[PDB]
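This document starts with one chain, in the form deposited in one PDB entry, laid out as C-alpha cells.
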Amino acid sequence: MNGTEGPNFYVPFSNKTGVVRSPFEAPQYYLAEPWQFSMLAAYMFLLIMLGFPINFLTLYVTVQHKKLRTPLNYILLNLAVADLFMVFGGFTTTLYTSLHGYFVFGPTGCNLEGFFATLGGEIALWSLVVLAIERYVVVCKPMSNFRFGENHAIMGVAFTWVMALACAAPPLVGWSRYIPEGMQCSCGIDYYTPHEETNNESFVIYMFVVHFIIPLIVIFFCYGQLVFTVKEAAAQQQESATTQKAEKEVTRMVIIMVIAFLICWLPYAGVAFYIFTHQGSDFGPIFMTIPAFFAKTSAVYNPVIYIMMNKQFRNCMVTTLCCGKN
C-alpha cells in the first residue's frame, strides 16, 4: 500500500507512519518539502504574471481595433476567455493554497476550483479543435457555395462551451468526482482512483475517447487537409513566390499547432492510460503534478502561438502597447 484514502480525497502517500492528514485539514509537508510548495507557488505566480497580461490584452485590443472583430476571430477570443478561467479559477487559488500547504477551501471549494479550472482548460481544448475545423472549412472549401459568417462563428463558440460542460459538469453530480491532485493543493478530475460509487472507469474511457482521441483525429484530418490544399495550390502556381511562402509558413504553423496540442494534453492522456493499463501503481504527488504543469502552461503558450503569432493581433497589440501607435 502506498496511498491513503478518505471520504473525498486520495493522498498519494502511505499512512503506515500515521503522519498523513486530510488535504482539506492540514499541511502536506510529508509528501513534499515546504520549499517545493513554494516552487509550486512560484510556478503559479509565473503563469499569472505572464498568463493574465497575454490573455487580457487579447480581449482589450479586440475592443479597440475594429478589424479584429471578425467572425473567424471569435474562437480566438474564446480561447483567451478560456485561458482566463484557468487563470482565476485555477492559478490564483493554487497560489493561495500552495502557500498554506494544502487545499484550505475544503471539499466544496475543491468542487468549484476543479470545475472552473477544468471548464477553462476544456473550452481552450475544444476551441483549438473548432479553429482547425473552421480553417479547414474556409480554406479547403469542402462544401459548394458555403460562406462562413457570424452565425457559424457563434455555433462554433457554443459548441465548445457545451463540450466543456460535457466534461466538467458530470463529476459534480455522480459521474467521476473532483479531488485534490498531485501535491493536494489544487483539485482535478479523479481519473487515477478506482472509485466505483462514481464510475470513474467509464468516465476515464469517455474522457480519453471523446475528449482526447476525437479532438486529436479532427485536428489531424483538418490541418492535414489544409497542408494538402496549400501544397497543391502552390505546385500549380510555382510562378508565384508569395504562394510558395504561404505554403511554407502554413506548414510551419501546422507543425507548431499540432506539436503544441500534443505537449499540452498528451501527458494527461498518457498518464491516465498507464494507470488504466497498470491498475494500482505507486504514483507520487510530484509526478502526478506533471500533467497539470503541461496543461496549465498552455494558458501562456497557446496565445503565443494563436494570438501573438497572428500578424493582425500582433500589429494591433504593438500599436496598443506603444501608446498611440507604431
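Note that residue numbering begins at 1 and tracks the sequence as displayed. C-alpha atoms forming the largest set that superposes within 1.5 Å between two forms make up the rigid core.
Note that the form deposited in another entry isn't included here; everything after this is about it.
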| property | result |
| --- | --- |
| Core-superposed comparison between the shown form and the other one - Cα displaced by 2 angstroms or more, from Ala158, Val81, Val104, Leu72 | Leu72 |
| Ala234 C-alpha moves between the shown form and the other one by 2 Å or more, core aligned | yes |
| Rigid core superposed: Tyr223 CA moves 2 Å or more between the shown form and the other one | yes |
| Exceeds or equals 2 Å, Cα of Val258 between the shown form and the other one, core fit | yes |
| Distance direction in that other deposited form for the C-alpha atoms of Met308 and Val87, relative to the displayed form (3 angstroms or more) | farther |
| Closer or farther in that other deposited form, the Cα atoms of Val81 and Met308, when the shift from this form is 3 Å or more | farther |
